[PDB]
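Please treat every number below as a calculation from the coordinates, not as lab data. Note: ideal-geometry Cβ built from the backbone for every residue, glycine included; neighbour counts use all protein chains shown.
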Amino acid sequence: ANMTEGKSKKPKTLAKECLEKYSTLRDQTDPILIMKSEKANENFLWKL
Amino acid sequence: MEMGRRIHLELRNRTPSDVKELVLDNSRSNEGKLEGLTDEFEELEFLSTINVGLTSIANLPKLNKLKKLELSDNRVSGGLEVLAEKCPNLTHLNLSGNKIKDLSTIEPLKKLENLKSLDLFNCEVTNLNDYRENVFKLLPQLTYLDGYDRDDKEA
Amino acid sequence: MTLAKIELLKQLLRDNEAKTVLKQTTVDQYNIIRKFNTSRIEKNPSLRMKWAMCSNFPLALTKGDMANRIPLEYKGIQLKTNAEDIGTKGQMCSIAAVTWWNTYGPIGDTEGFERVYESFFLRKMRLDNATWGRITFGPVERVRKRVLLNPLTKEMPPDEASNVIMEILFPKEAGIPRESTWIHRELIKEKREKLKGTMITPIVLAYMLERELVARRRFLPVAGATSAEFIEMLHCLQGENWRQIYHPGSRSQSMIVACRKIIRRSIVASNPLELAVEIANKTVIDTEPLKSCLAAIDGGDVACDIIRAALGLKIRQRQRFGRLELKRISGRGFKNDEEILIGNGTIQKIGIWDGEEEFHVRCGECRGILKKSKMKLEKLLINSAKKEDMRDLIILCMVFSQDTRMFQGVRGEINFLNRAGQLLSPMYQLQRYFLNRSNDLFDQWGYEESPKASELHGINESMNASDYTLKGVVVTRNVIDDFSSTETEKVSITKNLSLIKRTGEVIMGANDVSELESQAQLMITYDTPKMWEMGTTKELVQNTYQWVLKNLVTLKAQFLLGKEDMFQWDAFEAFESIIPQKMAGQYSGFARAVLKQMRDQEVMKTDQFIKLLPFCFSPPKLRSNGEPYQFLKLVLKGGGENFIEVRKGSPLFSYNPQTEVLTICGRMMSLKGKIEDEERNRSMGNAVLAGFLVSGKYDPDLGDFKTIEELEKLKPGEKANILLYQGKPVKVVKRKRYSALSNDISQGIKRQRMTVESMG
Amino acid sequence: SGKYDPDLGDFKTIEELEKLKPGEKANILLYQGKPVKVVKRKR
């Protein structure tokens, strides 16, 4: 959640502001893998 | 490590009536109990039991001063009515991470009137329609819940 | 066996030649002695092996009790013989016994192979889980590059690798650990624990560790990825006329950013070199100083090269101009000052290169050959790599060539600076001007007919592979391979961070670094207050907590005394900048009261101590009566998520005691527990013979020598008699502290320059 | 009681205002570009 006055803004700016508010999640670089798919590669998904 | 070791460390080999709180965490228990706490205890305010593998609530000293108790990450599934006969003075209840099947498990809390906050996280009972409303009208004495009665205050 | 050793020694000494050689050659000279072998090497190994395999007993078995497990002849088949040997003094045997041993015999331990041969099993794991794709049979463009053949756990120079190997698998002969074991303490302890419990011969483990650590690099034709993981399979992935899709089963950006930040911090001050090296060797990336990845990769960004020059490391001697990497091929350019009018109408006095010259030029993925004369570019040959890289190469080579057309193509103004606010030389000002406005010299440069030929084809100003190219520029549909003879020639470092050749010529300038900011993908933890007064509040909190954590022993010791000197530390002054002025004093008073209560009426609690200590730098403001104010939620600059919880934890700080772990600014760190016990567990790496200094000679007053285990029994400050390296009896004293020579040198330099300035 | 102070933090939603305690100062926004700083009162 990110309270706003009500103006319309591009999705990129909204996402940037939302991540800025929750900066800790944005700056997370070490992933604590919890579950994995049968075929998908966790490293590739995390880097993406 | 065992409940006895935790009791000795917290009490530091002193009289039982010297500490008003306990921390029984990461302690293996015999068949899922809370042994190591004798009935001689008379004064206690806070409790903490996490990752103790408690499966039922049948062994607990009778008390009249406890106001908070914490149970989490346990497979306990049974009636809690015994708390009324053991300590009907609870104000903070925490069952986060426990295993409760249906609404009937939380029924016996009606006879308790001092409870004001109850916590139930990722519980099988929590995933139901109008569970929030149903619990509220089932426990009128309750003044708080998982945190969003009407506002947000901290214990 | 030690008795057998002494008996063999006595028998050998009975001869006079052994007595005279042993008493003559020092330990160092032993190497020479070993190399005086026959060298009667077999002329043809194939024929020798063929003949030997047909002989009755070619195998040379070492004398021992193993032979008794097997008869000299099994099932009517001869296996081993009891005849004496002269070459090896053992017994003889045949492959029949080897096959029987593979069939029957003692059963060994399988544990050792899980970890001992970790690199090989990791290779197999990367192969097995790899995903294959299509095959492209079309021609593949390949470039010759210096690539690392195999991945490395932690790349280090050969000498450090050997020292680490000895410190791992040779507990004895570990005199005076250098400034390399502390850097690799984690590797030391990890490999030590993993290899413990084995029985393999130590030399095998040493060679395997050398393979796992020492880098192996070679010139190879590559196309596409270049990481060692892809190079392992390059024999299958690549192909002259076929390619395969392969996906095998970070720190770089962080080091780039850290080096750039250090450069910018040091340049603005006077005598940048000392400050830069202080910050560089006082920095750390999550487990290690900056001399753990800088020393790993070869070369790198210009900032990293400059820092390595400031530190002690080898850097490729390529000439960095902006982004261009230049390698001279021939010709000598006389740098003479000249007055030239710029296209803007102004006249600048700058150095111009008289004479013809040629350079191999590289920029990102673009390679080429440039031939230039004085005040003119003559020829440029490139390969099509990338539009951005090609444009950068063209523009930068244009500016470097100092072509009169480039000067006449200026239209704006040249008064720019850097992030530090300094006026640069006109060359770099022009570089920035042209890069900012690429379509300035391109329009007025002039066009040249396309390179009519089989492969040579032109490129237009828009970087598209379009004909009617630029005057001089040419794009050949071939592979240009350059940058041979990476001599890493001797290079000096001036105080201003600018490198120079063995002569006075300048190779790298302090302003080559590009002023581009990024985000450190890792925890860039420094150790100096001067550095971190730039970034955001979260970075300040993280760095302050890391400073507290690193030197936890000193702070914990000072806590027992109970004096205010503990709180007036410079490290917290920066923290004062991120606490509200109107309320910081109340926080300081509250934290001081809480910590006094902690010292008085309870016992050690590291988490809350760390949480509450830093806020006490500012003076307190007690209640009107005198009692301290009480809080439970310390607000920080920026509001919202920038807040600390006094009770349990918050987004910036949360310690869980169930697993005893610490999460600061979204980063988990292992607080094994509390107590000097956890302190010593942290010290569980380090190096054998790290807590003892050398003082005095043999001093036989102690009698015989004592082992490391018995050495630890001695209380601090004692004297012990030990053996250093291969013998060399000495007297040592157990240390009462942990040392850091770099810190001492930096503080000495700081005091020296403080004295110089004060006298000045 | 005052004006926009970025140091105190961003604007506070009604959810935080309702749970606030007396004697604590917060920041609110009237409309775009006209923030203000307010303080809770017992009366």
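Placing a pseudo-label 7 Å from each Cα along the Cα-to-Cβ vector at B:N13 and C:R437 gives an inter-label distance of 8.6 nm.
Take the Cβ atoms of C:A83 and C:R218, set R0 to 45 Å, and the FRET efficiency comes out at 0.45. Counting Cβ atoms of other protein chains within 10 Å of each Cβ in C:652-663 and taking the mean gives 1. Size descriptors for region C:629-670 (Cα atoms only): Rg and Dmax, in that order, 11.2, 33 Å. With the convex hull drawn around the C-alpha atoms of the protein assembly as shown, the volume per residue stands at 324 Å³. If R0 is taken as 30 Å, the Cβ-Cβ distance between C:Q752 and C:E489 corresponds to a FRET efficiency of 0.45. Working note: Cα gyration tensor of region C:27-96, eigenvalues times five, square-rooted, sorted largest first, giving semi-axes of 30, 19, 8 Å. The slack between B:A84 and B:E42, meaning 0.36 nm per residue of separation minus the straight C-alpha distance, is 13.5 nm. Cα centroids of region B:94-114 and region B:1-79: 19 Å apart.
Cross-link reach is defined here as a Cα-Cα straight distance under 18 Å, omitting same-chain residues fewer than 8 places apart; for A:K9 the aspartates and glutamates meeting it are A:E17, A:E20. Ranked by the mean number of other Cβ atoms within 10 Å of their residues, highest first, the peptides C:103-115, C:382-394 fall in the order C:382-394, C:103-115. Along the Cα-to-Cβ line of C:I95, 7 Å from the Cα, sits a label point; which residues in region C:30-52 have backbone N less than 11 Å from it? Residues C:49-52 qualify, since their backbone N sits under 11 Å from the label point. When the scattering of region C:1-141 is computed by the Debye formula from its Cα atoms alone, each counted once and equally, what is log10 I(q)/I(0) at q = 0.12, 0.13, 0.18 Å⁻¹? Treating every Cα as an identical point scatterer, log10 I(q)/I(0) equals -0.94, -1.02, -1.17. Considering every alpha-carbon pair of region C:496-636, the percent of pairs per 5 Å bin, from zero through the bin containing the longest distance, is 2, 8, 16, 17, 16, 12, 8, 6, 5, 4, 3, 2, 1, 0, 0. Highest mean first, the peptides C:652-661, B:134-143 sorted by other C-beta atoms within 10 Å per residue fall in the order C:652-661, B:134-143. Here the 3J(HN,Hα) profile of region C:672-684, calculated from phi with Karplus coefficients 6.51, -1.76 and 1.60 at θ = phi - 60°, is 2, x, 10, 5, 3, 4, 5, 4, 6, 4, 4, 6, 5 Hz, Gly and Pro shown as x. Spacing of the modelled spin labels on C:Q658 and C:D467, each 7 Å from Cα toward Cβ, amounts to 7.4 nm. When the inverse distances between all different Cα atoms of region C:712-760 are averaged and flipped, the Kirkwood radius reads 14.1 angstrom. Remark: mean inter-chain Cβ contacts per residue of A:20-33 equal 4, using a 10 Å Cβ-Cβ cutoff to other protein chain atoms. Three semi-axes describe the equivalent ellipsoid of region C:408-457; taken as square roots of 5 times the Cα gyration tensor eigenvalues and ordered largest first, they are 32, 12, 8 Å. The alpha carbon centroids of region C:298-327 and region D:1-17 are separated by 49 Å. By the beta-carbon count within 10 Å of each Cβ, the least crowded to most crowded order of C:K80, C:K372, fewest first, is C:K80, C:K372. Within the shell of other residues whose beta carbon sits under 15 angstrom from the beta carbon of C:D337, the net charge comes to 0, with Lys and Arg scored +1 and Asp and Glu -1. Every Cα-Cα pair of region C:661-760 was included, and the share exceeding 19 Å stands at 62 percent.
Put a dot 7 Å past the Cα of A:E17, heading toward its Cβ, do the same for B:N64, and the two dots end up 5.9 nm apart.
Among C:749-758, C:89-98, B:4-13, sorting by the average number of other beta carbon atoms lying within 10 angstrom of each residue, highest first, gives C:89-98, B:4-13, C:749-758. Taking other Cβ atoms within 10 Å as a rough exposure proxy, C:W100, C:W242 sort from fewest to most as C:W242, C:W100.
Scaled to the globular estimate 2.2 N^0.38 Å, the Cα spread of region B:1-81, given as radius of gyration, is 1.04. Placing one identical point scatterer on every Cα of region B:1-154 and ignoring solvent, what is log10 I(q)/I(0) from the Debye formula at q = 0.19 Å⁻¹? One equal scatterer on each Cα of region B:1-154 leads to -1.24. If Rh is defined by the Kirkwood formula over all Cα pairs and Rg also comes from Cα, what ratio Rg/Rh do you get for region B:34-89? Looking at region B:34-89, the ratio lands at 0.92. Our summary gives region C:347-479 a relative contact order of 21 percent, counting only alpha carbon pairs under 8 angstrom and 6 or more residues apart. Taken along its three principal axes, the alpha carbon spread of region C:441-534 comes to 61, 36, 28 Å, from the longest extent down to the shortest. Chain A and region C:622-661 have Cα centres lying 27 Å from one another. If you wrap the tightest convex hull around every Cα atom of chain D and split its volume per residue, you get 80 Å³. Rg and Dmax, both from the Cα atoms of region B:74-151 and both in Å, are 11.7, 33.
Gain on full extension, evaluated as 0.36 nm per residue between C:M125 and C:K5 minus their Cα-Cα distance, stands at 38.8 nm.
Shielding value for C:638-650 is 3, the average number of Cβ atoms from other chains within 10 Å of each residue's Cβ. Taking one quarter of the surface of the convex hull spanned by the alpha-carbon atoms of region C:180-260 gives a direction-averaged projected area of 9.0 nm². Ranked by how many other Cβ atoms sit within 10 Å of their own Cβ, fewest first, the residues C:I340, C:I33, C:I664 fall in the order C:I33, C:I340, C:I664. Across all directions, the average projected area of the convex hull around the alpha carbons of region C:357-426 is 5.8 nm². Straight-line reach only, C-alpha to C-alpha below 17 angstrom: list the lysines that C:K282 could link to, leaving out same-chain residues fewer than 8 apart. The reachable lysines, counting only those whose Cα sits under 17 Å from C:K282, are C:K261, C:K291, C:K530, C:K550, C:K750.
Give, as ranges by residue number, the residues of region B:89-103 whose backbone N falls under 16 Å from the point 7 Å along Cα→Cβ of B:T143. What the label zone holds, given the 16 Å backbone N cut-off, is B:89-93. Against the compact-protein benchmark of 2.2 N^0.38 Å, the Cα-based radius of gyration of chain C scales to 1.22.
Once every Cα of region C:126-232 carries one equal point scatterer and solvent is ignored, give the base-10 log of I(q)/I(0) from the Debye formula at q = 0.12, 0.13, 0.20 Å⁻¹, two decimals. Listed by q, the Debye log ratios stand at -0.57, -0.64, -1.07.
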